[PDB]
Amino acid sequence: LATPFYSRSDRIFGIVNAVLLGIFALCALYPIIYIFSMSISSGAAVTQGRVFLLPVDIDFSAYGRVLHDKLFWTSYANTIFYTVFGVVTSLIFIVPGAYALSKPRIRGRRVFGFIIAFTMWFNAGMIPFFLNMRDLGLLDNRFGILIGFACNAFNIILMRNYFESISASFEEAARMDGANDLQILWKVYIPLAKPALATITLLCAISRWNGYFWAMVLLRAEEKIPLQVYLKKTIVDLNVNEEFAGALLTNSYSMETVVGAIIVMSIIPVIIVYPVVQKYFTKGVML
Amino acid sequence: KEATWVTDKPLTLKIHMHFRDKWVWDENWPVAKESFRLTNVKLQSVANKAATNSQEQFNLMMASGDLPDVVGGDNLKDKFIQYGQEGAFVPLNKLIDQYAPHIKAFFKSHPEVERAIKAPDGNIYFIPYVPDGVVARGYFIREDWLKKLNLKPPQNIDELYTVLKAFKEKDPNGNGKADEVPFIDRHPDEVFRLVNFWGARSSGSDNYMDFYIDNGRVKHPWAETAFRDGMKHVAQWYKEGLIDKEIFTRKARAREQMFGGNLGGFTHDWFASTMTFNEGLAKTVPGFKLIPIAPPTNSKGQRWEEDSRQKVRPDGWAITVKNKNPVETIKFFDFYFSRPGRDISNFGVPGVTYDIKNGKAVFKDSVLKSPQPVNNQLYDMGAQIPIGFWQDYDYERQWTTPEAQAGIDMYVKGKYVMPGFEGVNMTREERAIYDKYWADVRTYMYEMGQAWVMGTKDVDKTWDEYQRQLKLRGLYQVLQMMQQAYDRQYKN
Amino acid sequence: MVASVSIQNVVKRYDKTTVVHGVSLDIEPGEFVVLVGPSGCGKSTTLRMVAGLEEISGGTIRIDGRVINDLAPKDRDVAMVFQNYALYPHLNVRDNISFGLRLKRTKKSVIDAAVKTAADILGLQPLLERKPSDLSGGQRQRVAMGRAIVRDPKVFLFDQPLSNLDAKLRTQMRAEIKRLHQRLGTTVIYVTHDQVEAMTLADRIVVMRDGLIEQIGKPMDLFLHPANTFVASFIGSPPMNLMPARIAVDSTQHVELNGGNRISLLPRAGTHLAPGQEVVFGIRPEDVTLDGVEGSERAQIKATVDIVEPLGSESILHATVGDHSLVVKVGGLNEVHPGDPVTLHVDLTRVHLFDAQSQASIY
Amino acid sequence: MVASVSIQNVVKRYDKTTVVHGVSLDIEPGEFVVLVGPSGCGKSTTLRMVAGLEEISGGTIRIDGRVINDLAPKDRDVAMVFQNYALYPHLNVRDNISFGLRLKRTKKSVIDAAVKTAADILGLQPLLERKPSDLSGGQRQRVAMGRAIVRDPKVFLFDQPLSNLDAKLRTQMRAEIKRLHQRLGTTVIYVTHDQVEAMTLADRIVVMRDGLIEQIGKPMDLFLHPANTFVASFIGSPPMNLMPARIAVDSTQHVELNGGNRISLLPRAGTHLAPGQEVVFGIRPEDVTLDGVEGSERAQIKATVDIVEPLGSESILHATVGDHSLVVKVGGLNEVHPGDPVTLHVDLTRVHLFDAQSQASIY
Amino acid sequence: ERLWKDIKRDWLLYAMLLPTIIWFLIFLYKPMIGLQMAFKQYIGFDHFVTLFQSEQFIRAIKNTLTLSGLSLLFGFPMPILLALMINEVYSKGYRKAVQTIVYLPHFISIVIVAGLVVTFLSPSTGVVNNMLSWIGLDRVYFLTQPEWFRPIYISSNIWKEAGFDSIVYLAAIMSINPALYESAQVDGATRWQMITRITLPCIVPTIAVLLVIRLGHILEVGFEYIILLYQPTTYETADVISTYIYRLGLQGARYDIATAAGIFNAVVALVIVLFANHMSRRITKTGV
Ligand SMILES: O=C(O)[C@H]1O[C@@H](O[C@H]2[C@H](O)[C@H](O)[C@H](O[C@H]3[C@H](O)[C@H](O)[C@H](O[C@H]4[C@H](O)[C@H](O)[C@H](O[C@H]5[C@H](O)[C@H](O)[C@H](O)O[C@@H]5C(=O)O)O[C@@H]4C(=O)O)O[C@@H]3C(=O)O)O[C@@H]2C(=O)O)[C@@H](O)[C@@H](O)[C@@H]1O
């Protein structure tokens with residue numbers, strides 16, 4: 001806001017604000033660095049009530065355990081596939097549809113708008129949707145996950161609204177120059193839509209990446225499974241074969257360090273790509 | 001070509017096997033590759049390895065509408081009978097007769113084994129798993145923790161209570177903390193078995209939560225009014241921290257954690273695998289010695305060992321109607337009752353785990369000198385899995401320590417071992433009640449049991465409501481039906 | 001290419017009401033005609049209807065022989081300049097100009113003479129390679145006009161092109177537009193919310209308000225002879241003074257005002273004034289002077305000074321007679337003080353009278 | 001509250017860029033002073049520094065005896081009118097006016113009487129229960145001025161208040177503002193990008209460019225006697241012509257310019273200009289006519305007509321001398337037309353000359 | 001008429017609009033056709049009574065309502081509060097760091113968040129109980145205790161989703177023209193006076209739309225978290241209508257009663273969002 005400084009109550013207000021917000025921020029950051037520290041640290045220390053904020057005996061072996069996992073990297077590749085192609089098909093279904101819903105002259109504009117929007121506040125259900133997936137034969141299918149959901153009404157109305165925020169003078173000038181419909185969209189409207197494109201592809205990216213449930217339900221074969229499902233097996237359920245249990249003593253990393261290392265290797269690409277994304281979406285003062 | 005081939009042309013089949021919420025079938029398994037080379041039949045597993053609950057996956061696969069060639073697993077017996085009757089599973093009787101000499105000969109030499117797996121109609125829809133042996137479970141305790149803590153091994157429940165108290169309060173492991181946990185186990189249900197110390201039955205057989213025969217009357221151990229008396233005291237044991245807090249969740253990694261971390265003072269489990277640890281972690285834990293002990297005197301003034309090794313069990317694999325190849329499959333099942341089939345299904349793969357010595361299979365030094373229990377290795381290798389194979393007790397005798405055998409002989413000589421529950425034969429009409437109700441019944445019982453142990457609810461206060469809930473759940477319907485099946489057989 | 005465009009009874013309807021009603025105008029080849037009026041109106045809708053961006057709900061419009069009523073905008077042979085400049089920020093300036101031409105053919109057409117002449121007329125050599133991101137507003141409108149003239153159409157359509165620029169830039173761009181039309185000489189229709197641009201640029205001004213065409217004719221024809229009180233109040237640098245007035249005893253001779261003031265009137269045959277008639281009397285601020293300088297002279301008035309605003313060597317004097325105030329231009333070198341009475345002399349040849357009811361021009 | 005305000009050597013820095021440099025101005029109580037200039041200078045920054053919205057990086061500013069430099073805007077006894085819509089949309093007009101007094105809530109009858117007087121002054125009485133959602137821009141600026149005067153400060157600060165309105169509304173609001181100051185009579189500092197508002201409203205005009213204050217003085221002092229070529233180019237409706245010129249042969253009497261033209265000069269004692277000196281000669285368009293002075297004394301400049309734009313009863317004539325063009329205001333008839341030679345008559349008393357190197361007048 | 005007339009030119013636009021509409025007709029309205037089915041077998045209008053008379057489902061909807069109220073009361077205002085706090089922060093670098101840290105947990109997967117919950121709260125192991133032991137106060141098995149289920153959940157929630165949801169509000173209060181604040185500064189308004197008197201009523205329509213979006217479902221709140229971390233002992237308080245529909249329908253393979261409960265839930269959600277939208281229409285600026 002404005003920068004008066006001056007008044008005392010405002011000064012104290014701002015200071016205690018920075019203190020509380022700082023505390024909350026530290027509360028937000030602490031778990032991640034705890035996971036890194038613990039995953040790096042030894043199983044004995046972690047089991048004994050050691051570690052917390054900083055690593056202790058720096059075992060490094062848990063990562064050695066997770067790196068030898070085939071299904072882990074397989075599922076990783078599956079999540080990458082799902083994110084890429086899922087985002088692609090998503091944009092393919094959304095952008096031209098939102099661009100069509102954006103333009104003021106359409107017969108079914110009202111009723112198409114209703115068709116897309118109605119899905120927000122009323123849904124059929126979990127079971128009838130699952131059955132719908134069954135009849136289509138998209139069960140246990142990668143494409144079944146891709147085309148399963150390429151679309152949310154939110155992204156559509158967002159892209160449409162941002163398309164309408166664009167002055168019509170561009171489209172009209174294009175029509176004057178002979179450009180009609182599609183050739184317009186690619187050449188002007190899309191490069192004008194860059195931030196909206198970025199937002200939508202972001203939401204779709206994190207949706208595909210962090211999505212677990214329906215990917216777990218609709219898929220059976222272990223080679224088609226994504227990372228979050230395998231994680232659902234190892235990280236939360238925490239059930240293990242006698243092989244791993246017997247491998248606990250001959251290793252000296254604990255199960256805790258294994259888990260920590262797993263979710264570390266899971267969130268590493270996120271931590272990597274986060275600064276670029278955020279700094280792009282800022283481009284100015286905060287916001 | 002091989003002499004053990006059940007078919008000339010290579011046969012690749014789709015098998016869904018999810019068992020014990022841990023392992024799924026693997027065609028890349030050494031045992032499975034051996035089985036493929038010997039039987040000329042390849043089993044491809046269609047399953048989710050990332051899945052957790054096995055029974056759930058069975059129900060899902062069944063309700064999916066698309067059936068595989070062969071369905072294996074554990075505790076599917078009742079379901080094998082249900083869907084066997086419903087027509088999902090083909091009767092193997094004549095297939096066993098003509099195409100399966102070993103299976104037929106086994107069932108002929110074992111009428112009591114064959115009787116249990118029979119449907120109300122009498123058909124056999126599945127080839128079961130038949131564990132060989134006598135004893136099953138026995139109590140174990142730390143030798144060193146009895147010494148440095150200056151107390152004699154408990155002969156009864158009071159002395160055991162004082163011993164566990166001394167474990168929790170006084171520090172037996174000398175680390176300087178109270179962190180040690182007196183009672184642990186890799187089976188959560190064992191937390192209920194503790195009621196045997198007060199003279200209460202936790203089951204009727206090897207299978208947890210099973211009915212038993214008391215003076216000619218069929219009764220459930222949990223539904224009895226002598227059960228909550230012990231449940232109160234074991235809830236007190238949890239409350240005092242004598243029982244592992246994670247005992248329900250910890251599961252398979254228990255013995256490899258508490259004993260490895262030297263936090264455990266007491267357990268139950270089994271003789272061989274527990275006694276393997278003494279040799280296994282001896283280098284890690286310096287003073288670790290685990291010894292077999294008698295089933296200490298209860299409040300009834302008796303010595304009780306509730307668990308004996310049952311003949312066969314609710315385990316096995318079956319043939320779906322979509323198989324299209326009943327002959328090669330039933331012969332494939334017949335292979336596992338043959339000597340080489342038993343050899344590969346027990347001792348694992350020859351030239352790797354074991355060698356052939358004078359006609360008998362003997363494990364390699366590599367396997368026997370391993371700290372990890374042999375069965376735990378065979379599990380990962382694809383051996384000793386709950387398939388239709390016949391178990392060979394010699395395989396267990398090989399890695400069984402002399403002290404373990406001494407404990408076994410101690411239990412046999414002491415006759416602490418209780419007689420097992422064989423079960424009853426129900427007609428098609430009275431079978432449906434059991435089939436439908438009993439699952440929900442035991443689910444309810446286990447959930448409420450876990451609620452009682454952890455001390456979420458109260459035993460006495462919720463006892464009456466629990467009884468009424470059991471009454472409306474339809475438990476006593478299944479009970480009186482079981483009495484209806486029992487009384488027609490045993491009279492005098 | 002110099003060509004005529006005829007607009008016959010064109011009408012656009014939206015739901016219940018109708019924005020434009022039966023608008024008819026004929027535009028000679030190479031003629032500059034400006035549609036001017038308030039914010040809400042159908043002048044922009046009319047221009048857009050000429051462009052083909054909007055549908056024709058009735059009437060017929062054509063350029064030369066070809067009837068453009070049913071046509072594609074590409075084939076309409078017109079070029080339009082939007083208020084938002086219609087230039088794409090991602091494309092280069094040269095690319096923005098040639099954007100229409102990039103659809104058909106290639107460098108086979110050589111393309112060079114077109115962009116050369118276009119950039120030379122508006123005089124931007126270095127801006128050939130540039131992006132719209134960094135440019136002044138005038139440069140953006142200039143390159144927009146570049147893409148306008150690069151088509152070489154029969155008709156130049158302009159929609160409020162100078163509206164987004166500052167007055168300093170607006171005047172210069174206005175002059176550049178005048179020079180451009182004097183040079184090329186193609187038929188061009190121009191839309192403005194500003195009266196000044198209409199007066200300067202147009203060969204013919206057409207006023208439009210909340211409906212059809214209010215009036216047509218040359219700028220001086222509208223300035224000297226307004227059809228109604230609205231046209232009178234609109235055109236000029238200052239707005240025309242409009243105060244209520246009546247007639248009592250003598251009709252064509254006398255007209256009365258609020259302060260008890262009375263004004264004699266020139267006969268001006270073709271008037272037919274009526275006595276007792278409620279009227280609205282107007283006068284231009286340039287046609288009023290201070291007291292006994294010029295003479296009696298063409299009329300006289302007594303008032304009380306409200307405020308005086310020096311603009312420069314000139315000055316704007318607000319005078320109050322009755323409850324209403326009139327504005328008069330005076331020199332900047334003549335001392336005037338507020339609150340004291342003052343005498344105003346009005347020019348009788350330039351006075352205007354309109355009916356209170358019909359609003360039509362009377363005198 | 002009538003009070004003087006002194007600004008001494010004030011300088012504002014943004015990231016060491018030094019926006020305004022050593023601005024010094026003294027303002028008498030109840031005086032109307034207008035900071036005016038192009039975009040980018042520190043006049044708005046200066047006004048904001050007086051308001052306390054921006055920090056003072058150097059120099060000292062004070063109202064009466066008290067120095068307000070480290071003071072809070074609340075305690076500065078000033079009230080500011082921002083250019084864009086400072087009224088809150090959820091609150092009503094009355095709540096917007098009383099918004100400042102409701103902070104400590106004061107006494108109820110105090111805000112009631114205050115809002116009463118304010119609404120009476122600006123005619124915000126019927127709009128009292130209205131909401132800013134539906135309002136005119138001028139009405140928003142009016143209620144803004146209402147909450148401004150409702151504080152009853154020592155100084156009224158105005159930051160480009162009319163910039164967001166239409167020319168007509170700018171004019172009306174300008175007159176109303178002048179009238180308002182005629183009523184209250186409080187000391188007021190005014191910021192404008194427009195020359196007109198500066199000329200009309202100000203008792204003193206101060207021009208500012210690139211942080212440097214270019215000149216101060218009365219409106220007519222800046223109009224008649226600009227300190228430099230920039231100030232000369234700024235004030236007035238048309239820009240002053242300002243084209244390069246030389247002297248050569250005769251010094252004080254004659255001065256010649258680019259088209260080979262030669263113009264005699266009045267003696268103007270106190271000048272002492274030198275021959276051969278490079279110069280920039282300018283004249284106002286109002287001071288040039290077409291054959292206006294009959295048989296003029298010294299035979300003024302000849303040129304060639306570029307374009308003609310009628311504004312009304314008057315007209316704007318663009319004439320070209322050599323490579324340079326000058327603008328001249330003319331009558332409303334003016335046949336003219338481009339390309340034919342024309343003779344211009346210049347007024348010898350109103351001519352201006354400035355040095356080519358030093359921007360100063362020297363004439 | 002003008003139908004074919006405009007459609008001829010609008011053709012490619014409708015070609016762009018076609019695959020999306022078809023997509024919605026397939027993956028959305030067709031399971032609605034399946035929703036009108038499964039309502040009967042195995043006709044009809046019956047098993048709803050089984051739903052209302054069962055002690056399981058009544059506690060399911062009970063805890064659904066409870067979790068709705070808790071998530072609405074504690075969870076919804078927190079992003080607004082965060083946005084307000086961040087808005088008051090100068091020193092752009094520090095505010096940037098805060099924004100990074102607080103917006104970060106949103107990108108963390110739900111299964112990973114849940115894994116963090118079970119790891120932190122694990123007795124004798126997890127950091128939480130260790131920090132409780134360092135201060136020397138008791139110890140707790142959290143996930144086996146029902147009483148702790150809700151306070152844990154929302155906490156994790158306000159760890160994960162607080163900042164990312166605060167982004168919208170922060171963008172909403174940054175869209176306000178500075179004049180509104182500066183004029184109030186001239187009048188000497190307090191920081192708190194400013195956030196209360198202008199900022200909040202300025203951001204009201206945004207938080208209202210986001211509220212009727214939040215109230216848009218609110219029955220399905222924390223479904224994917226609950227289905228993950230709910231223990232048999234905590235089954236009582238953790239169960240929600242969505243979790244019920246999942247457990248019976250997908251797991252227990254009972255489609256009828258699950259579809260019935262789905263219809264019920266969707267209908268009630270539609271009613272409550274209709275009421276919410278109406279009250280956020282008449283009373284509050286704009287709306288749906
Ligand atoms: O240990 C030795 O030394 C000898 O061991 C021999 O192999 C033994 C193993 O050691 C174990 O004793 C093994 O026990 C199995 C058991 O056979 C079942 O497969 C059991 O499956 C349980 C499920 O995993 C799950 O926990 C399930 O939960 C139920 C719940 O209780 C309730 O009913 C609810 O309503 O439904 C759920 C549900 O999901 O179904 O309970 C199952 C149960 O039956 O307990 O897993 C255990 C196991 O320990 O994993 O049996 C083998 C054996 O073949 O006998 C052998 O290696 C010998 O050589 C060794 O010496």
# chains A, B, ... in the order shown; residues from 1 in each chain; ligands from 1
call {"tool": "residues_near_ligand", "arguments": {"ligand": "ligand 1", "cutoff": "8 Å", "atoms": "only C-alpha atoms and all ligand atoms", "output": "VMD selection string"}}
result
chain B and resid 19 to 22 53 to 56 74 to 75 131 136 186 to 187 189 207 to 209 252 269 to 274 309 315 373 to 376 384 to 386 393 395 to 396 439 to 447
call {"tool": "residues_around", "arguments": {"residues": "segment 40-56 of chain A", "least_positions_apart": "2", "cutoff": "8 Å", "atoms": "only C-alpha atoms", "output": "list in words"}}
result
residues 30, 33, 34, 36, 37, 38, 58, 59, 60, 62, 252, 253, 254, 255, 256, 257 and 261 of chain A; 124, 125, 126, 127 and 130 of chain E
call {"tool": "write_last_selection", "arguments": {"atoms": "C-alpha atoms", "output": "compact mmCIF listing (two decimals), in the first residue's frame"}}
result
# COMPACT_ATOMS: atom_id res chain seq x y z
CA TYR A 30 9.94 -26.49 8.76
CA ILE A 33 13.63 -29.13 5.60
CA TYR A 34 12.87 -31.67 8.32
CA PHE A 36 15.40 -33.43 3.79
CA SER A 37 17.40 -33.55 7.03
CA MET A 38 15.82 -36.80 8.23
CA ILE A 58 24.16 -38.45 7.35
CA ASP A 59 23.47 -42.05 6.26
CA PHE A 60 22.60 -41.34 2.59
CA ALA A 62 17.85 -44.52 2.04
CA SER A 252 20.85 -49.64 8.75
CA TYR A 253 18.63 -47.06 7.12
CA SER A 254 15.22 -47.01 8.80
CA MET A 255 11.81 -47.10 7.15
CA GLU A 256 11.40 -43.45 8.10
CA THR A 257 14.54 -42.43 6.21
CA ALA A 261 14.04 -40.01 0.77
CA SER E 124 8.33 -43.10 19.44
CA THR E 125 9.54 -42.05 15.98
CA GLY E 126 7.89 -38.92 14.59
CA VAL E 127 9.40 -35.50 15.25
CA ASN E 130 9.82 -36.09 20.19
call {"tool": "residues_around", "arguments": {"residues": "segment 265-275 of chain A", "least_positions_apart": "2", "cutoff": "8 Å", "atoms": "only C-alpha atoms", "output": "PDB file with N, CA, C and O atoms, in the first residue's frame"}}
result
ATOM      1  N   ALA A 261      13.289 -40.036   2.017  1.00  0.00           N
ATOM      2  CA  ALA A 261      14.045 -40.007   0.770  1.00  0.00           C
ATOM      3  C   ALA A 261      13.120 -40.115  -0.439  1.00  0.00           C
ATOM      4  O   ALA A 261      13.333 -39.450  -1.454  1.00  0.00           O
ATOM      5  N   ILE A 262      12.092 -40.951  -0.320  1.00  0.00           N
ATOM      6  CA  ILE A 262      11.119 -41.132  -1.393  1.00  0.00           C
ATOM      7  C   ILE A 262      10.401 -39.830  -1.711  1.00  0.00           C
ATOM      8  O   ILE A 262      10.374 -39.395  -2.864  1.00  0.00           O
ATOM      9  N   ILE A 263       9.823 -39.202  -0.690  1.00  0.00           N
ATOM     10  CA  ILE A 263       9.058 -37.983  -0.924  1.00  0.00           C
ATOM     11  C   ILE A 263       9.989 -36.825  -1.282  1.00  0.00           C
ATOM     12  O   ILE A 263       9.564 -35.863  -1.920  1.00  0.00           O
ATOM     13  N   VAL A 277       8.516 -20.671 -12.458  1.00  0.00           N
ATOM     14  CA  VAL A 277       7.075 -20.473 -12.566  1.00  0.00           C
ATOM     15  C   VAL A 277       6.614 -19.245 -11.786  1.00  0.00           C
ATOM     16  O   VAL A 277       5.984 -18.343 -12.346  1.00  0.00           O
ATOM     17  N   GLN A 278       6.939 -19.208 -10.497  1.00  0.00           N
ATOM     18  CA  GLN A 278       6.501 -18.114  -9.638  1.00  0.00           C
ATOM     19  C   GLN A 278       7.049 -16.768 -10.101  1.00  0.00           C
ATOM     20  O   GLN A 278       6.315 -15.781 -10.164  1.00  0.00           O
ATOM     21  N   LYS A 279       8.338 -16.731 -10.426  1.00  0.00           N
ATOM     22  CA  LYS A 279       8.970 -15.489 -10.858  1.00  0.00           C
ATOM     23  C   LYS A 279       8.377 -15.018 -12.181  1.00  0.00           C
ATOM     24  O   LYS A 279       8.298 -13.817 -12.439  1.00  0.00           O
TER      25      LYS A 279
ATOM     26  N   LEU E 104       4.386 -22.354  -1.418  1.00  0.00           N
ATOM     27  CA  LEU E 104       5.030 -23.625  -1.763  1.00  0.00           C
ATOM     28  C   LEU E 104       4.221 -24.906  -1.472  1.00  0.00           C
ATOM     29  O   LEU E 104       4.114 -25.761  -2.352  1.00  0.00           O
ATOM     30  N   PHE E 107       1.904 -27.078  -3.967  1.00  0.00           N
ATOM     31  CA  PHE E 107       2.424 -27.932  -5.027  1.00  0.00           C
ATOM     32  C   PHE E 107       2.763 -29.328  -4.512  1.00  0.00           C
ATOM     33  O   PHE E 107       3.040 -30.238  -5.294  1.00  0.00           O
ATOM     34  N   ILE E 108       2.744 -29.491  -3.192  1.00  0.00           N
ATOM     35  CA  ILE E 108       2.956 -30.798  -2.580  1.00  0.00           C
ATOM     36  C   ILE E 108       1.722 -31.673  -2.776  1.00  0.00           C
ATOM     37  O   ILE E 108       0.598 -31.226  -2.556  1.00  0.00           O
TER      38      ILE E 108
END
call {"tool": "interface_residues", "arguments": {"of": "chain E", "to": "chain B", "cutoff": "7 Å", "atoms": "only C-alpha atoms", "output": "list in words"}}
result
residues 232, 233 and 251 of chain E
call {"tool": "interface_residues", "arguments": {"of": "chain B", "to": "chain A", "cutoff": "8 Å", "atoms": "only C-alpha atoms", "output": "MDAnalysis selection string"}}
result
chainID B and resid 21:23 46:52 251:253 256:257 260 372:373 376:377 379:380
call {"tool": "residues_around", "arguments": {"residues": "segment 94-98 of chain B", "least_positions_apart": "3", "cutoff": "10 Å", "atoms": "only C-alpha atoms", "output": "VMD selection string"}}
result
chain B and resid 90 to 91 101 to 105 107 123 to 124 127 326 to 331 333 to 334
call {"tool": "write_last_selection", "arguments": {"atoms": "C-alpha atoms", "output": "mmCIF file, in the first residue's frame"}}
result
data_model
loop_
_atom_site.group_PDB
_atom_site.id
_atom_site.type_symbol
_atom_site.label_atom_id
_atom_site.label_comp_id
_atom_site.auth_asym_id
_atom_site.auth_seq_id
_atom_site.Cartn_x
_atom_site.Cartn_y
_atom_site.Cartn_z
ATOM 1 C CA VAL B 90 -15.275 -74.968 -12.568
ATOM 2 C CA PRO B 91 -15.565 -78.152 -10.462
ATOM 3 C CA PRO B 101 -3.291 -88.683 -10.201
ATOM 4 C CA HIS B 102 -1.256 -87.045 -7.419
ATOM 5 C CA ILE B 103 -4.099 -84.818 -6.218
ATOM 6 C CA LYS B 104 -6.587 -87.695 -6.275
ATOM 7 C CA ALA B 105 -4.139 -89.942 -4.425
ATOM 8 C CA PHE B 107 -7.276 -86.647 -1.245
ATOM 9 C CA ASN B 123 -17.537 -80.274 -5.528
ATOM 10 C CA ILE B 124 -13.949 -79.064 -5.256
ATOM 11 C CA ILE B 127 -6.662 -76.800 -5.181
ATOM 12 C CA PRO B 326 -9.073 -77.028 -17.865
ATOM 13 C CA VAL B 327 -6.820 -80.027 -18.567
ATOM 14 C CA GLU B 328 -3.423 -78.308 -18.696
ATOM 15 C CA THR B 329 -4.396 -76.254 -15.645
ATOM 16 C CA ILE B 330 -5.517 -79.170 -13.473
ATOM 17 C CA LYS B 331 -2.368 -81.034 -14.513
ATOM 18 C CA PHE B 333 -1.994 -78.037 -10.209
ATOM 19 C CA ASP B 334 -1.213 -81.750 -10.056
#
call {"tool": "atom_distance", "arguments": {"atom1": "atom CA of residue 102 of chain C", "atom2": "atom CA of residue 172 of chain A"}}
result
16.7 Å
call {"tool": "residues_around", "arguments": {"residues": "residue 50 of chain E", "least_positions_apart": "3", "cutoff": "12 Å", "atoms": "only C-alpha atoms", "output": "ChimeraX atom specification"}}
result
/E:44-47,53-58,256-258,260-261
call {"tool": "interface_residues", "arguments": {"of": "chain A", "to": "chain C", "cutoff": "8 Å", "atoms": "only C-alpha atoms", "output": "tab-separated table (two decimals) with N, CA, C and O atoms, in the first residue's frame"}}
result
chain	number	residue	atom	x	y	z
A	167	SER	N	-9.58	-6.84	-26.60
A	167	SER	CA	-10.36	-5.95	-27.46
A	167	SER	C	-10.74	-6.63	-28.76
A	167	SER	O	-9.95	-7.38	-29.33
A	169	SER	N	-11.17	-5.27	-31.53
A	169	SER	CA	-10.57	-4.55	-32.65
A	169	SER	C	-9.56	-5.41	-33.40
A	169	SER	O	-9.38	-5.26	-34.61
A	170	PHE	N	-8.90	-6.32	-32.69
A	170	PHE	CA	-7.94	-7.23	-33.30
A	170	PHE	C	-8.64	-8.22	-34.23
A	170	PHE	O	-8.26	-8.37	-35.39
A	172	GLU	N	-11.64	-7.95	-35.47
A	172	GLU	CA	-12.32	-7.20	-36.52
A	172	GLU	C	-11.34	-6.77	-37.61
A	172	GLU	O	-11.65	-6.86	-38.79
A	173	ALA	N	-10.16	-6.31	-37.20
A	173	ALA	CA	-9.12	-5.94	-38.16
A	173	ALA	C	-8.68	-7.16	-38.96
A	173	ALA	O	-8.43	-7.07	-40.16
A	174	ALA	N	-8.59	-8.30	-38.28
A	174	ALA	CA	-8.23	-9.55	-38.94
A	174	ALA	C	-9.27	-9.93	-39.98
A	174	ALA	O	-8.93	-10.36	-41.08
A	175	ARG	N	-10.55	-9.77	-39.63
A	175	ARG	CA	-11.64	-10.04	-40.56
A	175	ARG	C	-11.60	-9.08	-41.74
A	175	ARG	O	-11.94	-9.46	-42.87
A	176	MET	N	-11.19	-7.85	-41.48
A	176	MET	CA	-11.04	-6.85	-42.54
A	176	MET	C	-9.90	-7.22	-43.48
A	176	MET	O	-9.95	-6.94	-44.67
A	177	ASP	N	-8.88	-7.86	-42.93
A	177	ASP	CA	-7.71	-8.26	-43.71
A	177	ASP	C	-7.92	-9.62	-44.38
A	177	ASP	O	-7.08	-10.07	-45.17
A	178	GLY	N	-9.04	-10.26	-44.08
A	178	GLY	CA	-9.38	-11.53	-44.70
A	178	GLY	C	-9.24	-12.74	-43.79
A	178	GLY	O	-9.72	-13.83	-44.12
A	179	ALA	N	-8.59	-12.55	-42.64
A	179	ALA	CA	-8.42	-13.64	-41.68
A	179	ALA	C	-9.75	-14.01	-41.04
A	179	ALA	O	-10.48	-13.15	-40.55
A	188	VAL	N	-3.01	-14.06	-33.42
A	188	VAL	CA	-3.12	-12.91	-32.53
A	188	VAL	C	-3.65	-13.26	-31.14
A	188	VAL	O	-2.98	-12.99	-30.14
A	191	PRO	N	-1.14	-15.55	-28.87
A	191	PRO	CA	0.01	-14.86	-28.26
A	191	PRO	C	-0.40	-13.72	-27.33
A	191	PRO	O	0.42	-13.26	-26.53
A	192	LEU	N	-1.64	-13.25	-27.44
A	192	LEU	CA	-2.17	-12.27	-26.51
A	192	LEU	C	-2.64	-12.94	-25.22
A	192	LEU	O	-2.80	-12.30	-24.19
